[PDB]
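Colleague: Below you will find the structure I want to go over with you.
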Amino acid sequence: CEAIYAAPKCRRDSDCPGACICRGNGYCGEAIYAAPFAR
């Protein structure tokens with residue numbers, strides 16, 4: 001769920017869509033970008 005323009009911000013990993021985690025940028029994104037699961 002990584003996006004640059006329309007990036008969903010995170011508070012906690014759980015508030016990230018799909019299975020995304022709260023990345024160190026402050027936004028939600030998948031754990032492994034190479035892994036197609038829930039980006």
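How things are named: the first chain in the structure tokens is A, the next is B, and so on; residues count from 1 in each chain; ligands count from 1 in the order shown.
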Skip residue A:3 itself and residues of its chain fewer than 4 positions away, then list as a ChimeraX atom specification all residues within 9 Å of it, counting only C-alpha atoms.

Modeller: /A:7-8,27-29

Colleague: Please identify all polymer residues within 9 Å of residue A:21, counting only C-alpha atoms, omitting same-chain residues fewer than 4 positions from it, and present them as a list in words.

Modeller: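 Counting only the stated atoms, we get residues 10, 12, 13, 14, 15, 16, 17, 27, 28, 29, 30 and 31 of chain A.
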
Colleague: Once you have the residues from the selection above, write them out as an mmCIF file, in the first residue's frame, restricted to N, CA, C and O atoms.

Modeller:
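Ended up saving to result-v9.cif:
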```
data_model
loop_
_atom_site.group_PDB
_atom_site.id
_atom_site.type_symbol
_atom_site.label_atom_id
_atom_site.label_comp_id
_atom_site.auth_asym_id
_atom_site.auth_seq_id
_atom_site.Cartn_x
_atom_site.Cartn_y
_atom_site.Cartn_z
ATOM 1 N N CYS A 10 0.292 6.150 9.134
ATOM 2 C CA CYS A 10 0.066 5.155 10.145
ATOM 3 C C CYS A 10 0.222 5.719 11.529
ATOM 4 O O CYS A 10 0.963 6.692 11.747
ATOM 5 N N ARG A 12 -0.391 3.051 14.033
ATOM 6 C CA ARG A 12 0.034 1.739 14.404
ATOM 7 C C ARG A 12 -0.161 0.805 13.276
ATOM 8 O O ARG A 12 -0.945 1.065 12.378
ATOM 9 N N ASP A 13 0.550 -0.279 13.325
ATOM 10 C CA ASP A 13 0.578 -1.259 12.279
ATOM 11 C C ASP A 13 -0.811 -1.774 11.975
ATOM 12 O O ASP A 13 -1.191 -1.970 10.811
ATOM 13 N N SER A 14 -1.587 -1.907 13.006
ATOM 14 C CA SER A 14 -2.922 -2.413 12.884
ATOM 15 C C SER A 14 -3.838 -1.467 12.117
ATOM 16 O O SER A 14 -4.780 -1.912 11.459
ATOM 17 N N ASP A 15 -3.547 -0.169 12.156
ATOM 18 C CA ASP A 15 -4.371 0.785 11.404
ATOM 19 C C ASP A 15 -3.916 0.944 9.978
ATOM 20 O O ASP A 15 -4.414 1.812 9.240
ATOM 21 N N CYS A 16 -3.019 0.082 9.561
ATOM 22 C CA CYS A 16 -2.606 0.046 8.202
ATOM 23 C C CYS A 16 -3.431 -0.974 7.417
ATOM 24 O O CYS A 16 -3.698 -2.071 7.916
ATOM 25 N N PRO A 17 -3.869 -0.607 6.189
ATOM 26 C CA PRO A 17 -4.727 -1.460 5.337
ATOM 27 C C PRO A 17 -4.073 -2.793 4.950
ATOM 28 O O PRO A 17 -2.837 -2.903 4.883
ATOM 29 N N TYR A 27 4.157 6.186 7.331
ATOM 30 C CA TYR A 27 3.128 5.777 6.454
ATOM 31 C C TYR A 27 3.050 4.270 6.400
ATOM 32 O O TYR A 27 3.989 3.576 6.784
ATOM 33 N N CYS A 28 1.939 3.780 5.959
ATOM 34 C CA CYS A 28 1.710 2.367 5.853
ATOM 35 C C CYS A 28 2.348 1.798 4.603
ATOM 36 O O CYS A 28 2.356 2.446 3.547
ATOM 37 N N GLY A 29 2.906 0.626 4.734
ATOM 38 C CA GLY A 29 3.483 -0.065 3.620
ATOM 39 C C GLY A 29 3.731 -1.493 3.990
ATOM 40 O O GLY A 29 3.731 -1.815 5.179
ATOM 41 N N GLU A 30 3.898 -2.343 3.014
ATOM 42 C CA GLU A 30 4.196 -3.745 3.234
ATOM 43 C C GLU A 30 5.573 -3.888 3.911
ATOM 44 O O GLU A 30 6.377 -2.942 3.921
ATOM 45 N N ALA A 31 5.823 -5.030 4.494
ATOM 46 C CA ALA A 31 7.061 -5.281 5.181
ATOM 47 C C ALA A 31 8.162 -5.523 4.178
ATOM 48 O O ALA A 31 9.230 -4.911 4.249
#
```

Colleague: Work out how far atom CA of residue A:20 is from atom CA of residue A:34, in Å to one decimal.

Modeller: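 Result for atom CA of residue A:34 versus atom CA of residue A:20: 13.3 Å, one decimal.
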